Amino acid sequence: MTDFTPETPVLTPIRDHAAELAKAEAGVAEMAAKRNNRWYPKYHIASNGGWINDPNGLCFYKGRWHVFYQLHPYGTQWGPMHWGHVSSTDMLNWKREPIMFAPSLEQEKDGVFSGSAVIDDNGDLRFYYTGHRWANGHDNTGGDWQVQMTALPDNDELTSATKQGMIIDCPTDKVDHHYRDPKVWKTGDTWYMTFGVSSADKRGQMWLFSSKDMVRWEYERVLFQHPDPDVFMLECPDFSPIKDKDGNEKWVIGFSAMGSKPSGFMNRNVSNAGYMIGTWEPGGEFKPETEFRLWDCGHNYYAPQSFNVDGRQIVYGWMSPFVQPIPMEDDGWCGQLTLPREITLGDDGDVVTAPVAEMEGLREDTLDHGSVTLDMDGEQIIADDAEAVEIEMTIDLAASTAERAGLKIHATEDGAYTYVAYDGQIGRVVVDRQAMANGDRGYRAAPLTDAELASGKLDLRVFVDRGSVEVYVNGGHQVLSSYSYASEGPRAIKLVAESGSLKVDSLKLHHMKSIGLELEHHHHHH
């Protein structure tokens, strides 16, 4: 099968797409109607009903931000994959759009898997996505059978699109089933695509294809092979140039890696997404210059996708719940995205992912505490019932003798809480759920460099939403995103010093606005 790259797309409809979309819409609205809002986000993207996963089709196009996502419109576990869709002009007030894709073509009949959206040379958007089949025709026992597909929007609003079919087949001979998650970009006079592959020797790979017209593709080479032989697959690959403030471009390769074994604080989650920084000449293989580093050090983060708009590289992740129990799945929804983060390189040359500047517009108010000191082990109340807030704080590392200090959030009447803390014995920032009464527990610890540790200050920017926390360390040099399933009743926030003093130079709380996606007319505040 030497030509697994057809000259014209192979289009093979087996179901009526509009009728499948219509079924999907009915499924989501029914879950939304009955949905329990206890842990539902006020300012993160989730489906109005049902399970989501990877963010997809991310773009700014025709004056709107668009976020699509893998969606199961019939329940709160993963199932037949669809694309859901939300859009906004400002990244602050979002509108639920129609479901975008439902399985309707032969090569995607078991699911419309992850993909991306790029603006072409004529300013028109094109979608690329993976079509999924079971290899044995029925379920996962026989592994996956995956190909690359393309589609075009029907209108500037992207409220619908027309499928064109398969553009890249799978040489099953040459791979171990896994063959998915495309990203297309242009460098120079040529378009490139990469997607993740498990080779025949079960090594996680990224393959490179090229094109001059976006629909006809040619295999170039293996762009990257994961150096760890336990790593069998690279899901949701990313590959983008990021500029320093010095005028240089570095290539950042990203992937959601399956198969790594956990080691110390690294790679603790079932699968783990991360990046390497290095160089790339077009057609060639990636040359890494750093070891693998996580995008996000928390409990619940996977499958990040990034996109470029006007020199900005923005990334969303899926807050992935891989570990039982998953309390929210009984509530008519499951899963949310992170806030949008901007990718930059910092002064040390490492990747930094601060929240995008637009996130400041979430703040309804500022309660400025000024500087706060705890002279010894103790706690101060910051909120008695904080549902959706951002806390910004700067710790004077130089003056605080505390061994561990930070915030207890979702601190309820039963004594449960999630702890966000600087830990001076390991020299890290932790999110520790040991005291939580719902969800799996454990802790996650984000590294601080020697310079960050000898610095006089540590900045934390902590977003608490009804079901989650995101901790941005030193302006997003590290981030931890974790679910936190608050118990019932008022949810306090406490500032905490353990075993020594804590000097905080600045502490501010901001209440967060709703992003307009939680709205549901069967829910009467009343």
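Note that residue numbering begins at 1 and tracks the sequence as displayed.
Residue stretch of maximal mean CA temperature factor, 250-258 vs 429-437: Stretch with the greater average CA B-factor: 250-258.
Check the entry's C-alpha temperature factors for 466-474 and 25-33, then say which stretch has the higher mean. Stretch with the higher mean C-alpha B-factor: 25-33.
Among the candidates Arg268, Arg404, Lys186, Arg363, give the one with the maximum CA B-factor reported in the record. Largest recorded C-alpha B-factor: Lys186.
Among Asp296, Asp331, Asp347, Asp377, which residue carries the highest C-alpha B-factor recorded in the PDB entry? In the PDB entry, the greatest C-alpha B-factor among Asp296, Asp331, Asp347, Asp377 is found at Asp347.
C-alpha B factor of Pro227, ranked within the chain: lowest, middle or highest third? For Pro227, whose C-alpha B-factor we compare with every modelled residue in the chain, the answer is the highest third.
Relative C-alpha B-factor of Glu342, binned into the chain's lowest, middle or highest third: Its C-alpha B-factor, which the entry lists for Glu342, ranks in the lowest third among residues of this chain.
Ranking every modelled residue in this chain by its Cα temperature factor as given in the entry, which third contains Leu517? Answer is middle: the recorded C-alpha B-factor places it there.
Going by the CA temperature factor in the PDB record, which third of the chain does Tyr74 belong to: lowest, middle or highest? Ranked within chain, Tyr74 CA B lands in the middle tercile.
If you rank every modelled residue in this chain by C-alpha B factor, which third holds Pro447: lowest, middle or highest? Tercile = lowest for this residue's CA B-factor.
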